[PDB]
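S.K.: In the working numbering, the protein residues as written are 115 to 188. Please see the structure below; I have some questions.
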Ligand SMILES: [Zn+2]
């Protein structure tokens with residue numbers, strides 16, 4: 115799914131307390147392997163684990179939902 119934020123952090127866990135691993139530019143498109151609850155970002159507290167293995171706040175990914183579109187991370 116595509117990134118909608120203008121430079122979005124990808125963190126080592128589902129929340130803003132976790133270290134930043136890398137970033138994506140707006141219009142990057144990422145594969146989401148699973149989703150996990152975490153810090154609320156503007157009403158969406160889901161975090162999306164990408165194929166890079168780090169988590170992007172779902173607020174900044176265009177999935178057409180503020181809830182789950184994939185399996186919950188185990
Ligand atoms: Zn995609």
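Each residue gets a CB set at the ideal place from its N, CA and C atoms; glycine is no exception.
Within this structure, are the beta carbons of residue 149 and residue 163 separated by less than 9 Å?
M.R.: Going by C-beta atoms, residue 149 is nearer than 9 Å to residue 163.
S.K.: In or out: residue 171 buried (at least 16 other Cβ within 10 Å) or exposed?
M.R.: Burial call: buried.
S.K.: Could you give the distance in angstroms between the alpha-carbon of residue 136 and the alpha-carbon of residue 151?
M.R.: Approximately 20 Å between the Cα atoms of the pair.
S.K.: Between 131, 166 and 126, which lies nearest to residue 153 when the distance is taken from Cα to Cα?
M.R.: For the residues 131, 166 and 126, the minimum Cα distance to residue 153 belongs to 131.
S.K.: Tell me the rounded alpha-carbon separation between residue 183 and residue 176.
M.R.: Cα to Cα, the separation comes out at about 11 Å.
S.K.: Cβ of residue 124 within 9 Å of Cβ of residue 188?
M.R.: No, the pair does not count as a contact, with Cβ atoms beyond the cut-off.
S.K.: Could you tell me whether any non-hydrogen atom of ligand 1 is closer than 8 Å to the CB of residue 166?
M.R.: No, Cβ of residue 166 sits at least 8 Å from all heavy atoms of ligand 1.
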